[PDB]
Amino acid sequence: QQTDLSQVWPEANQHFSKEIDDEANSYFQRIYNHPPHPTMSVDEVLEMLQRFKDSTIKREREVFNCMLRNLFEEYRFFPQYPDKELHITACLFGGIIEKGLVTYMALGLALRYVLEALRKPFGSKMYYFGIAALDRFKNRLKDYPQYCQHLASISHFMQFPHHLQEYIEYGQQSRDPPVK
């Protein structure tokens, strides 16, 4: 039921947990906002997360951890997100994989969450979450040939965008596609 990813991204020290949550919440508010409210693009949020991830400043790491932990723990609610926000979420989730902001257990989990989304009905919101996330990290697929085999085995793989079919099939062979 409730997932708990605190072993990857520890909970903040109690002393400033309120402020860390509020800061994380603010970044998400901005990634989902529309003008005239303040916004941040997915690329801007990714740039910040890259700086924070292994920052020597505890507060920055704590906000990174809070954002990633909450994002991943939100997966079971993604189907409840409006289409606009779900798409932004997909781009962010795929970008996190693309930029190597998750490794080991969390990378495997991220890949699994994308794969499970792609298995949802063709044309569904979660299918499109999967496609958008996958397009962000497609240049990494050749490093995960068994993952590519699993993608190719999806019952509606033949309906994926052409370029993604190429990246996946060549990725099964640990290769780039013929053009990127």
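Residues carry their position along the shown sequence, with the first being 1.
For the pair 63 to 71 and 138 to 146, the mean B factor over Cα atoms is greater in 138 to 146. Averaged over Cα atoms, the B-factor as recorded in the entry is higher for 148 to 156 than for the other of 113 to 121 and 148 to 156. Sorting the modelled residues of the chain by their CA temperature factor places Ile57 in the highest third. Sorting the modelled residues of the chain by their CA temperature factor places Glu166 in the lowest third.
For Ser41, the recorded CA B-factor ranks within the middle third of the chain. Only modelled residues enter the ranking.
Among all modelled residues in its chain, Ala12 ranks in the highest third by Cα B-factor. Among the modelled residues of its chain, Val102 has a C-alpha B-factor that falls in the highest third, as given in the PDB entry.
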